[PDB]
Amino acid sequence: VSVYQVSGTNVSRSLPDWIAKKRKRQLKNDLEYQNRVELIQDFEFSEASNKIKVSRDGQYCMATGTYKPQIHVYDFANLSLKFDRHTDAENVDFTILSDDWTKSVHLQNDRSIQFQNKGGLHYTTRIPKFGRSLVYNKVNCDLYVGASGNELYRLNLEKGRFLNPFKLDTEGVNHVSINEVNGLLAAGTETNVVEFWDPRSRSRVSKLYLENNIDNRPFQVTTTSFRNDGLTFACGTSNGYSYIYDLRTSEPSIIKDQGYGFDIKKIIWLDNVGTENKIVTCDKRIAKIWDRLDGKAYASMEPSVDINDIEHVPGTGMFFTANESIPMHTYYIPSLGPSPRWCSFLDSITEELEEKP
Amino acid sequence: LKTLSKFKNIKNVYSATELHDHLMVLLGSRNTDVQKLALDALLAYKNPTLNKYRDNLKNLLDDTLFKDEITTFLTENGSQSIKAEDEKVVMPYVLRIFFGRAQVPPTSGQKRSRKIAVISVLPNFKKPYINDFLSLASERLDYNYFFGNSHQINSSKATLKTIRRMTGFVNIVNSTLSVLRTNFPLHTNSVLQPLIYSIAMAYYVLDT
Amino acid sequence: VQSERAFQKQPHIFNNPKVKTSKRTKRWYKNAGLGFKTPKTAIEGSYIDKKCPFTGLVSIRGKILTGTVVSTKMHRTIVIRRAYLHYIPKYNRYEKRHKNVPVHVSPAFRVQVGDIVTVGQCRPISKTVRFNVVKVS
Amino acid sequence: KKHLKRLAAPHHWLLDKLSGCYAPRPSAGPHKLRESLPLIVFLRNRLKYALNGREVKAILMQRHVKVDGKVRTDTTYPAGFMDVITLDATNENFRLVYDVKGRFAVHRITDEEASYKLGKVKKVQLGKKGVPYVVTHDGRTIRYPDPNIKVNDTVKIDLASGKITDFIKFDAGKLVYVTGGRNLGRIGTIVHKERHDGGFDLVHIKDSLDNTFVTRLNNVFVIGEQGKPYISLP
Amino acid sequence: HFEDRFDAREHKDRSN
Amino acid sequence: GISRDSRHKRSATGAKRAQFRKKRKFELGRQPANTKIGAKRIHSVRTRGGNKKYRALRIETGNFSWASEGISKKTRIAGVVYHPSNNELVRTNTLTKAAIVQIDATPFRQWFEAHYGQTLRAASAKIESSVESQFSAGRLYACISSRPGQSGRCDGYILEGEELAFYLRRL
Amino acid sequence: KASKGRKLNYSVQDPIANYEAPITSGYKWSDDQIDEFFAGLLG
Amino acid sequence: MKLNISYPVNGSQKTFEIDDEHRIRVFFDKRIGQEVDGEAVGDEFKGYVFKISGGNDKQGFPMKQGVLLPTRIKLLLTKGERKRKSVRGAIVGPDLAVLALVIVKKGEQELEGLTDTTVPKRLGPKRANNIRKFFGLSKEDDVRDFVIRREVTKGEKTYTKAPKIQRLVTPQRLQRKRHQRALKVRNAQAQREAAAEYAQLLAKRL
RNA sequence: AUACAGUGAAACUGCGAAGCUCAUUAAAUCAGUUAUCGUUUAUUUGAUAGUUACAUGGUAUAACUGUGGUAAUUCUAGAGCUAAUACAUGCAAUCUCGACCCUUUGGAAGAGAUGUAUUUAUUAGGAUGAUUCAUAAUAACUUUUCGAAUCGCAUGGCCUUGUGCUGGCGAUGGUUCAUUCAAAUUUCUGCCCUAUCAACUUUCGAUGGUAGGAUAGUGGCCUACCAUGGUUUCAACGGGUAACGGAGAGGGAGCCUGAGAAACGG
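Deposited coordinates in this entry are attributed by the record to cryo-EM, at a stated resolution of 5.94 Å.

Dropping the structure here:
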């Protein structure tokens, strides 16, 4: 399979990006500099990127930075930075509730939930303990925030009220996720258990105790993801093992080892792209595309820089990957799906692209 | 020398081995540019072990990345360090490059730190190749005739140029002794007899 | 002494474990001046206090005041009370007033509620503390 | 701010309040603003050699005026206490001293007197490379000072070379000039120095008339021994 | 506390 | 948005003060620079005056000093093991002053062997037993004494003696 | 403990009241047809 | 539509308007910097190779590199201050009023207005080493005798003008370097003297 | 003036750009004062750096020439030039212990020693009342700083006639310290009626301790843990007032320069 890096640094892993900027003035005579094409203008952070997400409409994308902590929003139609907004503290997680980028929620590292509207920052609230993940429930419009302590925090935007907090048996929530079809909330614990909760009522449904025969080392649930079918459930562990579960049965159907032993930072279900039975499991160094049923590796995407977050533009072959580099990386796999409408003629220049194996 | 890099096959030239030996020296030249062209021509010789570590050798020849490259490339037990099987082929090319940087005069604060870094990577190296550095330093010194005869100095060898060469050699040894200290490898041919040879000149010079 | 999460030490003061000349850890101290005798419990003590006038990085300069201790409940600081007679010209008579002053106290001093303490001005230790107890009586 | 109202000007220049809307603002220089005499007022409103600021500017571009042996072309150059103003075209040397009223009084001096000045030692400390030096009241940094020189002493500086020829220690019985307070301009001998550590030291001074007064040490300038001043007094 | 500040009104003549 | 002004705070008596004026630039504040282990990444900050500050956003190297033998070497930083202020910084491997970190033993071990000719005269070669165990493990406990977020450096020193024992007890 | 927000407050914070509106459609699967999976979740 | 073709070797340039749409079609779907054959353009351009450099649309908004669209977009550009302005895409299309081309290689036939004509360089070298490079001067040879001169005629008066050579070695520069070195030496001499008298004073005091 | 040399448009560099209208506030404004050993500071003043070169490159372009688009702007693309105090690069000495005590100033064998800036660790420690202050040394570190590739006027002294050696007065630059112009916090004091205003404060820090983040910097200014504290009938807190007796530049949010601004600039 052919994987193309439309945007991103193309230097050796050892060489830092800021040196390439010094080499930029010297290399300007080189023909390659003119030929290189950027997809989105200013699609870069001054030092590094934390997380990336796209608007549901597909017109807009949002990103966060290390210094000065800023919230870039990029407009796909005009291929430019819509605006940059600075935040008081480095951001841990964020959500986009509105269909457009207008209304967003950002969990900062200073224990603060910040609501940002079109005009600017609207209001800031402080949760009792530091938060590590954040998710919205669209039917009830309650914001559920994982926390270092056992209790999982709630904020109901409708009443605007902090309602009663879940009490979890184990301390430390790494990732929280909800199933759109069922509404089930799965909480990713520090211990080797994933806690499942009922959205309508205040009641525990079950525990799943993850088991790995290969390694006896302790592992922590780093990520949890639900497929749109409402049945299959994916888990990421700190040891680099991704478990896919049919929610109805306790046993794991498939266990995939990424091989590098790093924490799985994200799991993305590739239903919309076509050939529904595919999954991405993202580590610090590699995000591998493989089939949910066979377990065979389809494509492998290995950047020159560590990955913090990955995201898939719906219905297309774009992967946006938040990295430690100045330029954020964009990848294209033609076989998976067509290029987006806004990258309409990206197909034309495919021979010009880097063509990483 | 930038043409010799452009030769499609430098191996099948009329005299490749002897050319490689002269390219072997130009890689040890003080001028970092001459090393770059020399390394480029040395790589026209296709060799898989050299090809694997291609980028690192440039990071050494580049001045800006020199300090960072040493800490990553030459540190023992490092993740990116050379593999044991490739030490024999690669680390020779390491020998001259740092030898060239040591040749660079310490005329600036940056250069003085550069010289210190060149001597500080010696402990990472295993002893036989530490001797190879000390041999390269003493190769220019022509001392075999002195010990071959009854320890007599030739008038022709007694020149201002020659004294400069021992002064460079002795200074490198002193810096190496400061770093390696008790772990310093001591050999008659590589270091001791050039060292004694240099002293014999200073006495022959200061009297004559 | 080591009752905190961090290790308490006098900055820039080094005790060399290998040499081991003296069992006692090397202790730095200074005299605050003004004829204020540095107590021996500070010289031969084991406490660590960055705000101590004899062992901390604080200098006594400015006004030197005296007061009566009224509260000693908080850690390493106290509240003293200073009283005076303010003149009212419109009737030409004096009225008593008082002011409560928070003052830092080093652990080298033992202060109760009721004694007289002489204190010295120094840099702002906290939001309201700008003095340091330098003589107890 | 860059403008000074004549009424808002401090008192000591003796300037009439009604001459104009604004007064010269002393520029940055050796002396503080509130005890400096810019060359414009000294040349125009005291000596009368100039009638207007433009005439003063012509005078300064002619390079006829020297302050402490150096030509100054700034109209608002802040001349101050113990500053020597030399005018070679007319052969005058002037020393700036407070009067008993507290104004600067234009005092003619000899060329030998002009050749030197007196500076109160404000600070003594070791510089880089272990080079001791002294900072005086006029901001002069003089290296390699005599070890006996300490703070509050007065050093006799030669203008041509800027070196220390002699010094006077601060001690009882020394002759003193007051440079501040109500006693500004008064001259007397030290009696006793009363010390408040962490506070302003106080000095008692007795005049030739046996009258005694107390003044802060910061307003104290030793000028010589009793009956033997090192400078000509008005 | 003693201010130790010169006052212009005291020096200036008030005879008029 | 960050300000260090005291006007927003309450009075000593407990009264709620009104906003005297809007935030000023001479009374500004900036955010913490959460330094984390990784490839060196530093950003320059123009401060008031001509002065400038280094911001260490990421750093994997540090000049650490063995004070007992009086040497300093540049070594890799493995990770944060303990921080007295907040344990979250330890979990996130955030680098700040006073943070206890793990540093490579290779340069220190090489220096010791070269100077003393003994695998890690004999009496001088003797050192503490705990630090021997640390070298045997291959990784040393160190305390960051430099301040990365202002100077851009993570220099520090090896824990020894009473401080070392105290931190081992805390660990 | 209440200071700095370290404790939870259930009082009315005006700015975030009515920040959104609930979607009346609800989950795709039916209310009873959702209930039964959760009972059988993980056997 | 119009084509501004430039022949950089001669420095020449000329404009050519087509009525037929087949030529305009043959450049459709290309990109700035891509090369097109001159024979497809026409028999006159047979054998020529043209590199696309940019252009302007019917509305006048220019073509920009880096934007891979056939339509206009509002992009944030620089002339630190950044302004969002409309720019037309980099792909040749029917909305382009003028295209700029560069003659990479010459064809069989010579163009009347580009290949057959030349334009001289406006200015010559000014720095001394630039002059040496231009005339290949040896180090012993002096640039002063090879400075390029231009004749100027005002009415009946005539005279030559030459540029001021920059970085020329002159006695003044040597004198100035020597003066700086002597000043440094003299300052060190004064300092050691002062240290000596200070040491003598301390010896007297002790 | 055969490099140019007077004047000099344009352009590139350098410096500086820091009245009005609304509201209203009781010693939180302001006035006086103290401290900054807790601090930044353009400029002025004085000091302060022996550690290819008879002068490197475009890795460079403006102004300028020429070709065009657009209804159109302090709107624009293509091609071709040429400079710096703009941009990158960069180069056979001095001082000590001093035998011989040879000559008794004196020479002198040999042994030695020899930047600055940041950060960390360690050692010693003239100034103030007081310091971990000044300063010095050692071991390392640095996106390791700086240590004249600059300009005007004059053409002197020597000779080893080579335009050979050696040079006078200034301008513009540069490290550190002090000084000055300021700034920011900061001590104590300072005429209304008041209880028909008795509790206020912890009310997303209230009082203090320890560690960290921010900050020219001290400091709950902010953050993690810990103790329940702090003012007040000696009037806290609240209310009224002839308390004219401090804010914005269409409205809120974010950002950029500078020594100095959250700028009447962008």
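Enquirer: Explain the overall build of chain B to me, using residue names and the numbers behind them.
Expert: Along chain B, the regular secondary structure elements total 12 helices and 0 strands. Mapped from its N terminus to its C terminus, chain B presents α and β elements in the order α-α-α-α-α-α-α-α-α-α-α-α. In terms of overall dimensions, chain B is globule-like: its C-alpha atoms have a radius of gyration of 18 Å, near the 17 Å expected for 208 residues. Taking the principal axes of its C-alpha atoms as reference, chain B extends roughly 55 × 40 × 35 Å. Counting contacts in chain B only where the partners sit at least 6 residues apart, residues at least 24 apart contribute 61% of the total.

Enquirer: Now, about the overall build of chain F: what can you tell me, with residues and values included?
Expert: A tally of regular secondary structure across chain F gives 6 helices and 9 strands. For 171 residues, the compact-globule formula gives about 16 Å, and the C-alpha radius of gyration of chain F, at 21 Å, lies well above that figure. Viewed in the frame of its principal axes, chain F has a C-alpha envelope of about 70 × 35 × 25 Å.

Enquirer: Lay out unusual backbone geometry in plain terms, naming residues and giving numbers.
Expert: A negative phi angle is the norm for most residues apart from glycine, just as the trans form is the norm for most peptide bonds. The step from A:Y67 to A:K68 runs through a cis peptide bond, and the omega angle for that step is -15 degrees. By the element assignment, A:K68 lies in the loop between β3 (60-65) and β4 (70-75).

Enquirer: Describe the arrangement of the chains, naming the residues involved and giving the relevant values.
Expert: The interface with the highest contact count, out of 7 pairs of chains in contact, is the one between chains A and G. The smallest C-alpha distance separating chain A from chain B is 8 Å, and no contact links them. Contact between chain A and chain E is absent, and the least distance between their C-alpha atoms amounts to 46 Å.

Enquirer: How would you explain the interface of chain G and chain A if you had to name every residue and give the values?
Expert: Listed by partner, the interface residues are 24 residues for chain G and 20 residues for chain A. Classifying every residue of the side of chain G that touches chain A gives 13 nonpolar, 7 polar and 4 charged.

Enquirer: Go over the sheet that holds strand β1 (residues 4-7) of chain A, please, and point to the residues and values.
Expert: Each strand in a sheet pairs with another by means of backbone hydrogen bonds, the pair being arranged parallel or else antiparallel. Residues and elements named next belong to chain A. With antiparallel pairing, 4 strands are arranged side by side in an open sheet as β1-β27-β26-β25. In the strand order of this sheet, the two ends are held by β1 and β25 (307-312), each with one partner. Neighbour to neighbour, the strand axes of the sheet diverge by 30 degrees on average, direction disregarded. Bridging between β25 and strand β26 (residues 318-323) involves 5 bridges; their strand directions are antiparallel. Residue pairing for β26: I310 is matched across the bridge by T321.

Enquirer: Any chance you could break down the sheet that holds strand β13 (residues 154-158) of chain D for me, citing the residues and the numbers?
Expert: All names here are of chain D. Reading across the sheet, the 5 strands line up as β12-β11-β10-β13-β14 and stay open at both edges, with antiparallel pairing between neighbours. One side of each edge strand has no neighbouring strand; the edge strands of this open sheet are β12 (141-143) and β14 (163-168). Adjacent strand axes in the sheet meet at a mean angle of 40 degrees when their direction is disregarded. As judged from the 3 bridges shared by strand β11 (residues 132-136) and β12, these two strands associate in the antiparallel manner. When the bridges of β12 are listed, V135 appears paired with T141.

Conventions used here
- Residues numbered from 1 in each chain as written, not as in the entry; some residues may be left out.
- Chains lettered and ligands numbered in written order.
- Part of a larger assembly, values for the part shown.
- Heavy atoms only, no water.
- Residues with missing side-chain atoms left out of burial classes, pairs and counts.
- Helix = DSSP H or I, 4+ residues; strand = E, 2+ residues; numbered from the N terminus.
- Rg over C-alpha atoms; globule rule 2.2 N^0.38 Å.
- Contact = heavy atoms within 4.5 Å.
- Nonpolar A, V, L, I, M, F, W, Y, C, P; charged D, E, K, R; others polar.
- Pairing = 2+ DSSP bridges.
- Axes fitted to C-alpha atoms, helices over the stretch in contact; angles between N-to-C directions.

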